[PDB]
Protein chains: 2
Amino acid sequence: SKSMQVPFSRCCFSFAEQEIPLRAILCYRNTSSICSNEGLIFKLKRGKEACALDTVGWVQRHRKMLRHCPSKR
Amino acid sequence: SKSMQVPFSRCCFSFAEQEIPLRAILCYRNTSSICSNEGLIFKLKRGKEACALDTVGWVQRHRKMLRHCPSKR
Ligand SMILES: *[C@@H]1O[C@H](CO)[C@@H](O)[C@H](O)[C@H]1NC(C)=O
Ligand SMILES: *[C@@H]1O[C@H](CO)[C@@H](O)[C@H](O)[C@H]1NC(C)=O
């Protein structure tokens, strides 16, 4: 287990205004706890991503319909 | 070009204390301009990464010896 690592944080400072369709989303990532701010990250198709604010209804409803994104190692 | 996207920011709030060997690094990523803080991200082997503070000598010397990380699309 190679760990010279001090990872970067994934933060959401700007958020999706327009509702993203559920069909367009693969999974979600939670933002880093240091810069949390109730943001969520939806993994879209072809490598794309979108920050979404979890205090908004459609974000909560979508989050409840998707699993957390998996990671490599 | 699918863009429903509002990307997350890559930030560096904690930094590498111990110097990472140049041989262990593939390239570097600059942090997002919103949360810049003079941090740098070094891409390590087997998917790993490390935040490094660009006001420190070894970080500046290493940065000058590596190219910027490429991206998919
Ligand atoms: C995701 O955010 C929720 C709050 O909405 C929190 O309870 C949880 O610990 C976070 N999970 C991860 C895996 O970061
Ligand atoms: C990287 O940081 C330098 C300052 O050290 C800045 O001049 C530059 O605009 C940044 N480049 C990118 C590609 O983010």
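Letters go in sequence order (proteins before strands), and every chain restarts at 1. Heavy-atom basis, side chains included; hydrogens, waters and symmetry copies ignored.
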Could you see if [X] belongs to whatever hydrophobic cluster contains [Y]? Use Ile, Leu, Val, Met, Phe, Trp, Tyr and a side-chain cutoff under 4.5 Å.
{"X": "B:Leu22", "Y": "B:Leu40", "value": "yes"}
{"X": "A:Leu44", "Y": "A:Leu66", "value": "yes"}
{"X": "A:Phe13", "Y": "B:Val6", "value": "no"}
{"X": "B:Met65", "Y": "B:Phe42", "value": "yes"}
{"X": "B:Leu53", "Y": "B:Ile20", "value": "yes"}

Inset, instruction - Below 4.5 Å from any heavy atom of chain B, which atoms of A:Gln5 appear? Answer side chain, backbone, both or neither. - result: both
Legend entry - Structural part of A:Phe15 lying under 4.5 Å from a heavy atom of chain B: backbone
Legend entry - Heavy-atom closest contact (A:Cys51 atom, B:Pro7 atom, distance): SG-O, 3.8 Å
Legend entry - Leading residue by heavy atom contact count with chain A [cutoff under 4.5 Å; candidates B:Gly39, B:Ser71, B:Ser9]: B:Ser9
Inset, instruction - Give, as side chain, backbone, both or neither, the part of B:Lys72 having an atom under 4.5 angstrom from any heavy atom of chain A. - result: neither
Nearest 0.5 Å please: distance from the [atom1] atom of [X] over to the [atom2] atom of [Y].
{"X": "B:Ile34", "Y": "A:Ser14", "atom1": "CD1", "atom2": "OG", "value": "8.0 Å"}
{"X": "A:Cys12", "Y": "B:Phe8", "atom1": "SG", "atom2": "CZ", "value": "8.0 Å"}
{"X": "A:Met4", "Y": "B:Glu19", "atom1": "CE", "atom2": "CD", "value": "10.0 Å"}
{"X": "A:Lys2", "Y": "B:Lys48", "atom1": "NZ", "atom2": "NZ", "value": "11.0 Å"}

